[PDB]
$ cat structure-v5.cif   # mmCIF, N, CA, C and O atoms
data_work
loop_
_atom_site.group_PDB
_atom_site.id
_atom_site.type_symbol
_atom_site.label_atom_id
_atom_site.label_comp_id
_atom_site.auth_asym_id
_atom_site.auth_seq_id
_atom_site.Cartn_x
_atom_site.Cartn_y
_atom_site.Cartn_z
ATOM 1 N N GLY A 402 39.094 -50.373 -142.152
ATOM 2 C CA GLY A 402 38.411 -51.519 -141.578
ATOM 3 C C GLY A 402 37.417 -51.082 -140.500
ATOM 4 O O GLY A 402 36.648 -50.144 -140.704
ATOM 5 N N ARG A 403 37.464 -51.782 -139.376
ATOM 6 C CA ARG A 403 36.578 -51.478 -138.266
ATOM 7 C C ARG A 403 36.787 -50.035 -137.802
ATOM 8 O O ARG A 403 37.810 -49.424 -138.103
ATOM 9 N N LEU A 404 35.799 -49.533 -137.074
ATOM 10 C CA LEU A 404 35.861 -48.174 -136.565
ATOM 11 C C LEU A 404 36.235 -48.206 -135.081
ATOM 12 O O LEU A 404 36.836 -47.264 -134.568
ATOM 13 N N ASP A 405 35.864 -49.302 -134.434
ATOM 14 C CA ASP A 405 36.153 -49.469 -133.020
ATOM 15 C C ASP A 405 37.116 -50.644 -132.837
ATOM 16 O O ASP A 405 37.171 -51.542 -133.675
ATOM 17 N N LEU A 406 37.852 -50.599 -131.736
ATOM 18 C CA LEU A 406 38.811 -51.647 -131.432
ATOM 19 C C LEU A 406 38.180 -52.639 -130.452
ATOM 20 O O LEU A 406 37.218 -52.309 -129.761
ATOM 21 N N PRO A 407 38.765 -53.867 -130.422
ATOM 22 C CA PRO A 407 38.271 -54.910 -129.539
ATOM 23 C C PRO A 407 38.683 -54.640 -128.089
ATOM 24 O O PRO A 407 39.833 -54.299 -127.821
ATOM 25 N N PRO A 408 37.695 -54.810 -127.170
ATOM 26 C CA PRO A 408 37.944 -54.589 -125.756
ATOM 27 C C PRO A 408 38.748 -55.742 -125.154
ATOM 28 O O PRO A 408 38.527 -56.902 -125.496
ATOM 29 N N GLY A 409 39.665 -55.382 -124.267
ATOM 30 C CA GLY A 409 40.505 -56.373 -123.616
ATOM 31 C C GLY A 409 41.758 -56.661 -124.443
ATOM 32 O O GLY A 409 42.743 -57.186 -123.924
ATOM 33 N N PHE A 410 41.681 -56.306 -125.718
ATOM 34 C CA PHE A 410 42.798 -56.519 -126.623
ATOM 35 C C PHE A 410 44.133 -56.280 -125.914
ATOM 36 O O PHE A 410 44.205 -55.496 -124.968
ATOM 37 N N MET A 411 45.155 -56.971 -126.398
ATOM 38 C CA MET A 411 46.483 -56.843 -125.821
ATOM 39 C C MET A 411 47.432 -56.131 -126.787
ATOM 40 O O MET A 411 47.790 -54.974 -126.571
ATOM 41 N N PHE A 412 47.814 -56.852 -127.831
ATOM 42 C CA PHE A 412 48.716 -56.304 -128.830
ATOM 43 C C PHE A 412 48.678 -57.131 -130.117
ATOM 44 O O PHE A 412 47.973 -58.137 -130.191
ATOM 45 N N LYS A 413 49.444 -56.678 -131.097
ATOM 46 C CA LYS A 413 49.507 -57.363 -132.376
ATOM 47 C C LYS A 413 50.697 -58.326 -132.376
ATOM 48 O O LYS A 413 51.745 -58.024 -131.807
ATOM 49 N N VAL A 414 50.495 -59.465 -133.021
ATOM 50 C CA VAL A 414 51.538 -60.475 -133.102
ATOM 51 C C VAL A 414 51.799 -60.814 -134.570
ATOM 52 O O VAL A 414 51.009 -60.459 -135.444
ATOM 53 N N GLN A 415 52.912 -61.496 -134.798
ATOM 54 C CA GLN A 415 53.287 -61.888 -136.147
ATOM 55 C C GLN A 415 53.700 -63.361 -136.176
ATOM 56 O O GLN A 415 54.654 -63.756 -135.508
ATOM 57 N N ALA A 416 52.959 -64.134 -136.957
ATOM 58 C CA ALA A 416 53.237 -65.555 -137.083
ATOM 59 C C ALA A 416 54.591 -65.748 -137.767
ATOM 60 O O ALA A 416 55.055 -64.869 -138.492
ATOM 61 N N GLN A 417 55.188 -66.903 -137.512
ATOM 62 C CA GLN A 417 56.480 -67.222 -138.094
ATOM 63 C C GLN A 417 56.416 -68.566 -138.824
ATOM 64 O O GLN A 417 57.417 -69.030 -139.367
ATOM 65 N N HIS A 418 55.228 -69.153 -138.814
ATOM 66 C CA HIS A 418 55.020 -70.434 -139.467
ATOM 67 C C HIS A 418 53.588 -70.512 -140.000
ATOM 68 O O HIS A 418 52.756 -69.665 -139.679
ATOM 69 N N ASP A 419 53.345 -71.536 -140.804
ATOM 70 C CA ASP A 419 52.028 -71.736 -141.384
ATOM 71 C C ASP A 419 51.345 -72.917 -140.692
ATOM 72 O O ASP A 419 51.659 -74.073 -140.972
ATOM 73 N N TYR A 420 50.421 -72.585 -139.800
ATOM 74 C CA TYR A 420 49.690 -73.604 -139.066
ATOM 75 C C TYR A 420 48.226 -73.652 -139.507
ATOM 76 O O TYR A 420 47.432 -72.792 -139.131
ATOM 77 N N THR A 421 47.913 -74.669 -140.298
ATOM 78 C CA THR A 421 46.558 -74.841 -140.793
ATOM 79 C C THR A 421 45.653 -75.393 -139.690
ATOM 80 O O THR A 421 45.822 -76.531 -139.255
ATOM 81 N N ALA A 422 44.712 -74.560 -139.270
ATOM 82 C CA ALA A 422 43.780 -74.951 -138.226
ATOM 83 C C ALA A 422 42.370 -75.044 -138.815
ATOM 84 O O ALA A 422 41.829 -74.052 -139.302
ATOM 85 N N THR A 423 41.816 -76.246 -138.752
ATOM 86 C CA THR A 423 40.481 -76.483 -139.274
ATOM 87 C C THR A 423 39.538 -76.915 -138.149
ATOM 88 O O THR A 423 39.477 -78.094 -137.804
ATOM 89 N N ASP A 424 38.826 -75.937 -137.608
ATOM 90 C CA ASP A 424 37.890 -76.202 -136.530
ATOM 91 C C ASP A 424 36.633 -75.352 -136.732
ATOM 92 O O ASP A 424 36.506 -74.655 -137.737
ATOM 93 N N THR A 425 35.737 -75.439 -135.760
ATOM 94 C CA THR A 425 34.495 -74.686 -135.818
ATOM 95 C C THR A 425 34.720 -73.249 -135.346
ATOM 96 O O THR A 425 33.802 -72.431 -135.378
ATOM 97 N N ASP A 426 35.946 -72.984 -134.920
ATOM 98 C CA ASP A 426 36.303 -71.660 -134.441
ATOM 99 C C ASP A 426 37.814 -71.596 -134.210
ATOM 100 O O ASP A 426 38.267 -71.088 -133.184
ATOM 101 N N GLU A 427 38.551 -72.118 -135.177
ATOM 102 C CA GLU A 427 40.002 -72.127 -135.091
ATOM 103 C C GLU A 427 40.582 -70.884 -135.768
ATOM 104 O O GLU A 427 39.860 -70.143 -136.435
ATOM 105 N N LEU A 428 41.877 -70.693 -135.573
ATOM 106 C CA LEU A 428 42.563 -69.551 -136.156
ATOM 107 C C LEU A 428 43.697 -70.047 -137.055
ATOM 108 O O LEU A 428 44.666 -70.630 -136.574
ATOM 109 N N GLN A 429 43.536 -69.797 -138.347
ATOM 110 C CA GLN A 429 44.535 -70.211 -139.319
ATOM 111 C C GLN A 429 45.636 -69.155 -139.429
ATOM 112 O O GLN A 429 45.357 -67.985 -139.686
ATOM 113 N N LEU A 430 46.867 -69.607 -139.230
ATOM 114 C CA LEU A 430 48.012 -68.716 -139.305
ATOM 115 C C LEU A 430 48.904 -69.136 -140.474
ATOM 116 O O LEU A 430 49.023 -70.323 -140.775
ATOM 117 N N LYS A 431 49.510 -68.139 -141.104
ATOM 118 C CA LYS A 431 50.387 -68.390 -142.234
ATOM 119 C C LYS A 431 51.743 -67.730 -141.977
ATOM 120 O O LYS A 431 51.809 -66.555 -141.618
ATOM 121 N N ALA A 432 52.793 -68.515 -142.170
ATOM 122 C CA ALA A 432 54.144 -68.022 -141.965
ATOM 123 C C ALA A 432 54.231 -66.571 -142.442
ATOM 124 O O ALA A 432 54.400 -66.314 -143.632
ATOM 125 N N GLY A 433 54.111 -65.659 -141.487
ATOM 126 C CA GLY A 433 54.175 -64.241 -141.795
ATOM 127 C C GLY A 433 52.776 -63.621 -141.812
ATOM 128 O O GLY A 433 52.425 -62.896 -142.742
ATOM 129 N N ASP A 434 52.014 -63.929 -140.772
ATOM 130 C CA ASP A 434 50.661 -63.411 -140.656
ATOM 131 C C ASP A 434 50.600 -62.414 -139.497
ATOM 132 O O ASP A 434 51.524 -62.337 -138.690
ATOM 133 N N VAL A 435 49.500 -61.676 -139.452
ATOM 134 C CA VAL A 435 49.305 -60.686 -138.406
ATOM 135 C C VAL A 435 48.051 -61.039 -137.603
ATOM 136 O O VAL A 435 46.964 -61.162 -138.167
ATOM 137 N N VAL A 436 48.243 -61.193 -136.302
ATOM 138 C CA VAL A 436 47.141 -61.529 -135.417
ATOM 139 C C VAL A 436 47.216 -60.657 -134.162
ATOM 140 O O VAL A 436 48.305 -60.311 -133.706
ATOM 141 N N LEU A 437 46.045 -60.326 -133.639
ATOM 142 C CA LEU A 437 45.963 -59.501 -132.446
ATOM 143 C C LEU A 437 45.589 -60.378 -131.250
ATOM 144 O O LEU A 437 44.662 -61.181 -131.330
ATOM 145 N N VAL A 438 46.331 -60.194 -130.167
ATOM 146 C CA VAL A 438 46.088 -60.958 -128.955
ATOM 147 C C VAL A 438 44.947 -60.310 -128.168
ATOM 148 O O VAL A 438 45.052 -59.158 -127.751
ATOM 149 N N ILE A 439 43.883 -61.079 -127.990
ATOM 150 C CA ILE A 439 42.723 -60.594 -127.260
ATOM 151 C C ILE A 439 42.344 -61.611 -126.180
ATOM 152 O O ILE A 439 42.610 -62.803 -126.325
ATOM 153 N N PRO A 440 41.712 -61.087 -125.095
ATOM 154 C CA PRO A 440 41.294 -61.936 -123.993
ATOM 155 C C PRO A 440 40.053 -62.748 -124.366
ATOM 156 O O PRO A 440 38.992 -62.183 -124.629
ATOM 157 N N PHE A 441 40.226 -64.062 -124.378
ATOM 158 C CA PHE A 441 39.134 -64.958 -124.715
ATOM 159 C C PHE A 441 37.963 -64.785 -123.745
ATOM 160 O O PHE A 441 37.969 -63.875 -122.917
ATOM 161 N N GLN A 442 36.988 -65.670 -123.880
ATOM 162 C CA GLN A 442 35.813 -65.627 -123.026
ATOM 163 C C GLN A 442 36.114 -66.278 -121.675
ATOM 164 O O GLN A 442 35.483 -65.953 -120.671
ATOM 165 N N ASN A 443 37.080 -67.185 -121.694
ATOM 166 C CA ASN A 443 37.473 -67.884 -120.482
ATOM 167 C C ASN A 443 38.760 -68.667 -120.745
ATOM 168 O O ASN A 443 38.989 -69.138 -121.859
ATOM 169 N N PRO A 444 39.589 -68.789 -119.673
ATOM 170 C CA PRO A 444 40.848 -69.508 -119.778
ATOM 171 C C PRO A 444 40.614 -71.019 -119.812
ATOM 172 O O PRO A 444 41.503 -71.779 -120.193
ATOM 173 N N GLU A 445 39.415 -71.410 -119.407
ATOM 174 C CA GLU A 445 39.054 -72.817 -119.386
ATOM 175 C C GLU A 445 38.836 -73.330 -120.811
ATOM 176 O O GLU A 445 38.800 -74.538 -121.040
ATOM 177 N N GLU A 446 38.698 -72.388 -121.731
ATOM 178 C CA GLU A 446 38.485 -72.729 -123.127
ATOM 179 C C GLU A 446 39.799 -72.632 -123.903
ATOM 180 O O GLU A 446 39.866 -73.021 -125.069
ATOM 181 N N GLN A 447 40.813 -72.111 -123.227
ATOM 182 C CA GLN A 447 42.121 -71.959 -123.839
ATOM 183 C C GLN A 447 42.974 -73.204 -123.586
ATOM 184 O O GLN A 447 42.791 -73.892 -122.582
ATOM 185 N N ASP A 448 43.888 -73.454 -124.511
ATOM 186 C CA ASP A 448 44.770 -74.603 -124.399
ATOM 187 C C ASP A 448 46.154 -74.137 -123.943
ATOM 188 O O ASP A 448 46.409 -72.938 -123.848
ATOM 189 N N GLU A 449 47.012 -75.110 -123.672
ATOM 190 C CA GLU A 449 48.363 -74.814 -123.228
ATOM 191 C C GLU A 449 49.272 -74.552 -124.431
ATOM 192 O O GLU A 449 49.585 -75.469 -125.188
ATOM 193 N N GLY A 450 49.671 -73.295 -124.569
ATOM 194 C CA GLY A 450 50.536 -72.901 -125.666
ATOM 195 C C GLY A 450 49.731 -72.257 -126.797
ATOM 196 O O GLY A 450 50.286 -71.902 -127.836
ATOM 197 N N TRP A 451 48.435 -72.125 -126.555
ATOM 198 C CA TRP A 451 47.547 -71.529 -127.540
ATOM 199 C C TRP A 451 46.645 -70.527 -126.818
ATOM 200 O O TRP A 451 46.143 -70.809 -125.731
ATOM 201 N N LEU A 452 46.467 -69.376 -127.451
ATOM 202 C CA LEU A 452 45.634 -68.331 -126.882
ATOM 203 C C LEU A 452 44.619 -67.867 -127.929
ATOM 204 O O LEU A 452 44.699 -68.258 -129.092
ATOM 205 N N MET A 453 43.688 -67.040 -127.477
ATOM 206 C CA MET A 453 42.659 -66.519 -128.361
ATOM 207 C C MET A 453 43.114 -65.219 -129.028
ATOM 208 O O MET A 453 43.341 -64.217 -128.351
ATOM 209 N N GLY A 454 43.235 -65.278 -130.345
ATOM 210 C CA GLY A 454 43.660 -64.118 -131.111
ATOM 211 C C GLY A 454 42.892 -64.021 -132.430
ATOM 212 O O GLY A 454 42.271 -64.990 -132.865
ATOM 213 N N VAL A 455 42.959 -62.842 -133.033
ATOM 214 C CA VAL A 455 42.279 -62.605 -134.294
ATOM 215 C C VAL A 455 43.273 -62.033 -135.306
ATOM 216 O O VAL A 455 44.169 -61.273 -134.939
ATOM 217 N N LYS A 456 43.081 -62.419 -136.559
ATOM 218 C CA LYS A 456 43.951 -61.952 -137.626
ATOM 219 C C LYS A 456 43.684 -60.468 -137.883
ATOM 220 O O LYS A 456 42.667 -59.931 -137.446
ATOM 221 N N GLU A 457 44.616 -59.846 -138.591
ATOM 222 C CA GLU A 457 44.493 -58.434 -138.912
ATOM 223 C C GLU A 457 43.260 -58.192 -139.783
ATOM 224 O O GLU A 457 42.528 -57.225 -139.574
ATOM 225 N N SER A 458 43.067 -59.087 -140.741
ATOM 226 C CA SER A 458 41.934 -58.982 -141.646
ATOM 227 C C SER A 458 40.626 -59.130 -140.865
ATOM 228 O O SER A 458 39.675 -58.386 -141.095
ATOM 229 N N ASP A 459 40.623 -60.096 -139.958
ATOM 230 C CA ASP A 459 39.447 -60.351 -139.142
ATOM 231 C C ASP A 459 39.109 -59.095 -138.336
ATOM 232 O O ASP A 459 37.938 -58.808 -138.090
ATOM 233 N N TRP A 460 40.155 -58.381 -137.947
ATOM 234 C CA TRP A 460 39.983 -57.163 -137.173
ATOM 235 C C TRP A 460 39.012 -56.256 -137.930
ATOM 236 O O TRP A 460 38.117 -55.661 -137.332
ATOM 237 N N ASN A 461 39.221 -56.177 -139.236
ATOM 238 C CA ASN A 461 38.376 -55.351 -140.082
ATOM 239 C C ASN A 461 36.912 -55.734 -139.860
ATOM 240 O O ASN A 461 36.017 -54.910 -140.042
ATOM 241 N N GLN A 462 36.713 -56.984 -139.469
ATOM 242 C CA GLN A 462 35.372 -57.487 -139.221
ATOM 243 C C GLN A 462 35.056 -57.438 -137.725
ATOM 244 O O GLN A 462 34.137 -58.111 -137.259
ATOM 245 N N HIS A 463 35.834 -56.636 -137.014
ATOM 246 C CA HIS A 463 35.649 -56.491 -135.580
ATOM 247 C C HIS A 463 34.160 -56.324 -135.270
ATOM 248 O O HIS A 463 33.718 -56.612 -134.158
ATOM 249 N N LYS A 464 33.428 -55.860 -136.272
ATOM 250 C CA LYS A 464 31.997 -55.651 -136.119
ATOM 251 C C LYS A 464 31.335 -56.969 -135.712
ATOM 252 O O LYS A 464 30.324 -56.970 -135.013
ATOM 253 N N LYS A 465 31.932 -58.061 -136.168
ATOM 254 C CA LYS A 465 31.412 -59.382 -135.860
ATOM 255 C C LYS A 465 32.558 -60.277 -135.382
ATOM 256 O O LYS A 465 32.612 -61.457 -135.723
ATOM 257 N N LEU A 466 33.445 -59.681 -134.599
ATOM 258 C CA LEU A 466 34.585 -60.409 -134.070
ATOM 259 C C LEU A 466 34.092 -61.656 -133.335
ATOM 260 O O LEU A 466 34.786 -62.670 -133.291
ATOM 261 N N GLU A 467 32.897 -61.541 -132.775
ATOM 262 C CA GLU A 467 32.301 -62.646 -132.043
ATOM 263 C C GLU A 467 32.248 -63.897 -132.923
ATOM 264 O O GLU A 467 32.101 -65.010 -132.419
ATOM 265 N N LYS A 468 32.371 -63.672 -134.224
ATOM 266 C CA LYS A 468 32.339 -64.768 -135.178
ATOM 267 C C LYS A 468 33.697 -64.871 -135.876
ATOM 268 O O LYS A 468 33.854 -65.636 -136.825
ATOM 269 N N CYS A 469 34.643 -64.089 -135.377
ATOM 270 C CA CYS A 469 35.983 -64.083 -135.941
ATOM 271 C C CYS A 469 36.944 -64.658 -134.900
ATOM 272 O O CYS A 469 38.084 -64.993 -135.220
ATOM 273 N N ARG A 470 36.449 -64.758 -133.675
ATOM 274 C CA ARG A 470 37.250 -65.289 -132.585
ATOM 275 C C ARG A 470 37.836 -66.649 -132.970
ATOM 276 O O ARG A 470 37.145 -67.485 -133.548
ATOM 277 N N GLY A 471 39.105 -66.827 -132.634
ATOM 278 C CA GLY A 471 39.792 -68.071 -132.937
ATOM 279 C C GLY A 471 40.924 -68.329 -131.941
ATOM 280 O O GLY A 471 41.144 -67.537 -131.026
ATOM 281 N N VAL A 472 41.612 -69.442 -132.151
ATOM 282 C CA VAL A 472 42.716 -69.814 -131.283
ATOM 283 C C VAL A 472 43.960 -70.080 -132.133
ATOM 284 O O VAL A 472 43.852 -70.482 -133.290
ATOM 285 N N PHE A 473 45.114 -69.845 -131.524
ATOM 286 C CA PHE A 473 46.378 -70.054 -132.211
ATOM 287 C C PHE A 473 47.526 -70.209 -131.212
ATOM 288 O O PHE A 473 47.495 -69.625 -130.129
ATOM 289 N N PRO A 474 48.538 -71.020 -131.620
ATOM 290 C CA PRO A 474 49.694 -71.259 -130.773
ATOM 291 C C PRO A 474 50.625 -70.045 -130.760
ATOM 292 O O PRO A 474 51.162 -69.659 -131.797
ATOM 293 N N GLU A 475 50.787 -69.477 -129.574
ATOM 294 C CA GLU A 475 51.644 -68.314 -129.413
ATOM 295 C C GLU A 475 53.107 -68.696 -129.649
ATOM 296 O O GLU A 475 53.874 -67.914 -130.207
ATOM 297 N N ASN A 476 53.449 -69.899 -129.210
ATOM 298 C CA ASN A 476 54.806 -70.394 -129.367
ATOM 299 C C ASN A 476 55.124 -70.537 -130.857
ATOM 300 O O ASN A 476 56.280 -70.714 -131.234
ATOM 301 N N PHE A 477 54.075 -70.456 -131.663
ATOM 302 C CA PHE A 477 54.228 -70.574 -133.103
ATOM 303 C C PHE A 477 54.175 -69.201 -133.775
ATOM 304 O O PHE A 477 54.246 -69.101 -134.999
ATOM 305 N N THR A 478 54.049 -68.176 -132.945
ATOM 306 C CA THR A 478 53.985 -66.813 -133.444
ATOM 307 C C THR A 478 54.985 -65.926 -132.700
ATOM 308 O O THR A 478 55.705 -66.397 -131.820
ATOM 309 N N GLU A 479 55.000 -64.657 -133.081
ATOM 310 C CA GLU A 479 55.902 -63.700 -132.463
ATOM 311 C C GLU A 479 55.143 -62.429 -132.078
ATOM 312 O O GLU A 479 54.144 -62.084 -132.707
ATOM 313 N N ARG A 480 55.646 -61.766 -131.047
ATOM 314 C CA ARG A 480 55.028 -60.541 -130.570
ATOM 315 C C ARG A 480 55.534 -59.343 -131.377
ATOM 316 O O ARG A 480 56.730 -59.223 -131.633
ATOM 317 N N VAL A 481 54.595 -58.487 -131.756
ATOM 318 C CA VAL A 481 54.930 -57.304 -132.529
ATOM 319 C C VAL A 481 54.845 -56.070 -131.628
ATOM 320 O O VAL A 481 53.776 -55.744 -131.116
ATOM 321 N N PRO A 482 56.017 -55.402 -131.457
ATOM 322 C CA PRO A 482 56.086 -54.212 -130.626
ATOM 323 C C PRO A 482 55.464 -53.010 -131.339
ATOM 324 O O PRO A 482 55.942 -52.593 -132.393
#
$ encode --input "structure-v5.cif" --output "structure tokens"
Amino acid sequence: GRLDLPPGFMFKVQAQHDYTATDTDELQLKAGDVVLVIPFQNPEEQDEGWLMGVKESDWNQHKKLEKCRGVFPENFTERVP
């Protein structure tokens, strides 16, 4: 996939449910998905219980992550050590 990693990135997470998100910049998660926790552009754009993360596949497009950026409920996902 990508050659470089996203700056500010935190870690990889694993969804535990299928949350269909349909927005202009939402993050669709599927029960058993892989998403990376990254620092959004601002916390004022983040919701309560939802953070800015990108899917594993999207990572491959890290080249244009700026267009892969999305949001997802952390309480609906799990942290991957």
$ atom_distance --input "structure-v5.cif" --atom1 "atom N of residue A:459" --atom2 "atom CA of residue A:482"
19.0 Å
$ residues_around --input "structure-v5.cif" --residues "residue A:403" --least-positions-apart "2" --cutoff "4.5 Å" --atoms "only N, CA, C and O atoms" --output "list in words"
residues 405, 460 and 461 of chain A
$ resolve_selection --input "structure-v5.cif" --expression "the PyMOL selection byres (((chain A and resi 436-442 and name CA) around 6) and name CA)" --output "ChimeraX atom specification"
/A:409-414,435,443,453-457
$ select_by_dssp --input "structure-v5.cif" --residues "chain A" --states "strand (DSSP E or B)" --output "mmCIF file with N, CA, C and O atoms, in the coordinates of the input"
data_model
loop_
_atom_site.group_PDB
_atom_site.id
_atom_site.type_symbol
_atom_site.label_atom_id
_atom_site.label_comp_id
_atom_site.auth_asym_id
_atom_site.auth_seq_id
_atom_site.Cartn_x
_atom_site.Cartn_y
_atom_site.Cartn_z
ATOM 1 N N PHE A 412 47.814 -56.852 -127.831
ATOM 2 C CA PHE A 412 48.716 -56.304 -128.830
ATOM 3 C C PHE A 412 48.678 -57.131 -130.117
ATOM 4 O O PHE A 412 47.973 -58.137 -130.191
ATOM 5 N N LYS A 413 49.444 -56.678 -131.097
ATOM 6 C CA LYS A 413 49.507 -57.363 -132.376
ATOM 7 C C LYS A 413 50.697 -58.326 -132.376
ATOM 8 O O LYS A 413 51.745 -58.024 -131.807
ATOM 9 N N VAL A 414 50.495 -59.465 -133.021
ATOM 10 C CA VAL A 414 51.538 -60.475 -133.102
ATOM 11 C C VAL A 414 51.799 -60.814 -134.570
ATOM 12 O O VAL A 414 51.009 -60.459 -135.444
ATOM 13 N N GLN A 415 52.912 -61.496 -134.798
ATOM 14 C CA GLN A 415 53.287 -61.888 -136.147
ATOM 15 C C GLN A 415 53.700 -63.361 -136.176
ATOM 16 O O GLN A 415 54.654 -63.756 -135.508
ATOM 17 N N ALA A 416 52.959 -64.134 -136.957
ATOM 18 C CA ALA A 416 53.237 -65.555 -137.083
ATOM 19 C C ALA A 416 54.591 -65.748 -137.767
ATOM 20 O O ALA A 416 55.055 -64.869 -138.492
ATOM 21 N N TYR A 420 50.421 -72.585 -139.800
ATOM 22 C CA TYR A 420 49.690 -73.604 -139.066
ATOM 23 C C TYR A 420 48.226 -73.652 -139.507
ATOM 24 O O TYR A 420 47.432 -72.792 -139.131
ATOM 25 N N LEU A 430 46.867 -69.607 -139.230
ATOM 26 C CA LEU A 430 48.012 -68.716 -139.305
ATOM 27 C C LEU A 430 48.904 -69.136 -140.474
ATOM 28 O O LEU A 430 49.023 -70.323 -140.775
ATOM 29 N N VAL A 435 49.500 -61.676 -139.452
ATOM 30 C CA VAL A 435 49.305 -60.686 -138.406
ATOM 31 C C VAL A 435 48.051 -61.039 -137.603
ATOM 32 O O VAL A 435 46.964 -61.162 -138.167
ATOM 33 N N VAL A 436 48.243 -61.193 -136.302
ATOM 34 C CA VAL A 436 47.141 -61.529 -135.417
ATOM 35 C C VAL A 436 47.216 -60.657 -134.162
ATOM 36 O O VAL A 436 48.305 -60.311 -133.706
ATOM 37 N N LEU A 437 46.045 -60.326 -133.639
ATOM 38 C CA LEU A 437 45.963 -59.501 -132.446
ATOM 39 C C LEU A 437 45.589 -60.378 -131.250
ATOM 40 O O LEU A 437 44.662 -61.181 -131.330
ATOM 41 N N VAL A 438 46.331 -60.194 -130.167
ATOM 42 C CA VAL A 438 46.088 -60.958 -128.955
ATOM 43 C C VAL A 438 44.947 -60.310 -128.168
ATOM 44 O O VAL A 438 45.052 -59.158 -127.751
ATOM 45 N N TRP A 451 48.435 -72.125 -126.555
ATOM 46 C CA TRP A 451 47.547 -71.529 -127.540
ATOM 47 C C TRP A 451 46.645 -70.527 -126.818
ATOM 48 O O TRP A 451 46.143 -70.809 -125.731
ATOM 49 N N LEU A 452 46.467 -69.376 -127.451
ATOM 50 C CA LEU A 452 45.634 -68.331 -126.882
ATOM 51 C C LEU A 452 44.619 -67.867 -127.929
ATOM 52 O O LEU A 452 44.699 -68.258 -129.092
ATOM 53 N N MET A 453 43.688 -67.040 -127.477
ATOM 54 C CA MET A 453 42.659 -66.519 -128.361
ATOM 55 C C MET A 453 43.114 -65.219 -129.028
ATOM 56 O O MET A 453 43.341 -64.217 -128.351
ATOM 57 N N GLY A 454 43.235 -65.278 -130.345
ATOM 58 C CA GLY A 454 43.660 -64.118 -131.111
ATOM 59 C C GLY A 454 42.892 -64.021 -132.430
ATOM 60 O O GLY A 454 42.271 -64.990 -132.865
ATOM 61 N N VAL A 455 42.959 -62.842 -133.033
ATOM 62 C CA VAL A 455 42.279 -62.605 -134.294
ATOM 63 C C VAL A 455 43.273 -62.033 -135.306
ATOM 64 O O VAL A 455 44.169 -61.273 -134.939
ATOM 65 N N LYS A 456 43.081 -62.419 -136.559
ATOM 66 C CA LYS A 456 43.951 -61.952 -137.626
ATOM 67 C C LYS A 456 43.684 -60.468 -137.883
ATOM 68 O O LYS A 456 42.667 -59.931 -137.446
ATOM 69 N N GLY A 471 39.105 -66.827 -132.634
ATOM 70 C CA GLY A 471 39.792 -68.071 -132.937
ATOM 71 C C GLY A 471 40.924 -68.329 -131.941
ATOM 72 O O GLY A 471 41.144 -67.537 -131.026
ATOM 73 N N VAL A 472 41.612 -69.442 -132.151
ATOM 74 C CA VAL A 472 42.716 -69.814 -131.283
ATOM 75 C C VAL A 472 43.960 -70.080 -132.133
ATOM 76 O O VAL A 472 43.852 -70.482 -133.290
ATOM 77 N N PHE A 473 45.114 -69.845 -131.524
ATOM 78 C CA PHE A 473 46.378 -70.054 -132.211
ATOM 79 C C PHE A 473 47.526 -70.209 -131.212
ATOM 80 O O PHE A 473 47.495 -69.625 -130.129
ATOM 81 N N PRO A 474 48.538 -71.020 -131.620
ATOM 82 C CA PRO A 474 49.694 -71.259 -130.773
ATOM 83 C C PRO A 474 50.625 -70.045 -130.760
ATOM 84 O O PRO A 474 51.162 -69.659 -131.797
ATOM 85 N N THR A 478 54.049 -68.176 -132.945
ATOM 86 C CA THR A 478 53.985 -66.813 -133.444
ATOM 87 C C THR A 478 54.985 -65.926 -132.700
ATOM 88 O O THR A 478 55.705 -66.397 -131.820
ATOM 89 N N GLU A 479 55.000 -64.657 -133.081
ATOM 90 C CA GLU A 479 55.902 -63.700 -132.463
ATOM 91 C C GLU A 479 55.143 -62.429 -132.078
ATOM 92 O O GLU A 479 54.144 -62.084 -132.707
ATOM 93 N N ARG A 480 55.646 -61.766 -131.047
ATOM 94 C CA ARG A 480 55.028 -60.541 -130.570
ATOM 95 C C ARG A 480 55.534 -59.343 -131.377
ATOM 96 O O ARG A 480 56.730 -59.223 -131.633
#
$ closest_residue --input "structure-v5.cif" --among "A:445, A:416, A:427, A:402" --to "residue A:471" --atoms "only C-alpha atoms"
A:427
$ resolve_selection --input "structure-v5.cif" --expression "the PyMOL selection byres ((chain A and resi 429) around 7)" --output "ChimeraX atom specification"
/A:419-423,427-428,430-431,456,471-473
$ resolve_selection --input "structure-v5.cif" --expression "the PyMOL selection byres ((chain A and resi 417) around 5)" --output "compact mmCIF listing (two decimals) with N, CA, C and O atoms, in the coordinates of the input"
# COMPACT_ATOMS: atom_id res chain seq x y z
N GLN A 415 52.91 -61.50 -134.80
CA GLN A 415 53.29 -61.89 -136.15
C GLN A 415 53.70 -63.36 -136.18
O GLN A 415 54.65 -63.76 -135.51
N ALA A 416 52.96 -64.13 -136.96
CA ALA A 416 53.24 -65.56 -137.08
C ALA A 416 54.59 -65.75 -137.77
O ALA A 416 55.06 -64.87 -138.49
N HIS A 418 55.23 -69.15 -138.81
CA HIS A 418 55.02 -70.43 -139.47
C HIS A 418 53.59 -70.51 -140.00
O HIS A 418 52.76 -69.67 -139.68
N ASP A 419 53.34 -71.54 -140.80
CA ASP A 419 52.03 -71.74 -141.38
C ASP A 419 51.34 -72.92 -140.69
O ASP A 419 51.66 -74.07 -140.97
N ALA A 432 52.79 -68.52 -142.17
CA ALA A 432 54.14 -68.02 -141.96
C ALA A 432 54.23 -66.57 -142.44
O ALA A 432 54.40 -66.31 -143.63
N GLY A 433 54.11 -65.66 -141.49
CA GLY A 433 54.18 -64.24 -141.79
C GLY A 433 52.78 -63.62 -141.81
O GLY A 433 52.42 -62.90 -142.74
N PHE A 477 54.08 -70.46 -131.66
CA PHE A 477 54.23 -70.57 -133.10
C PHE A 477 54.18 -69.20 -133.78
O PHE A 477 54.25 -69.10 -135.00
N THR A 478 54.05 -68.18 -132.94
CA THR A 478 53.98 -66.81 -133.44
C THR A 478 54.98 -65.93 -132.70
O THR A 478 55.70 -66.40 -131.82
N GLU A 479 55.00 -64.66 -133.08
CA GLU A 479 55.90 -63.70 -132.46
C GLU A 479 55.14 -62.43 -132.08
O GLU A 479 54.14 -62.08 -132.71
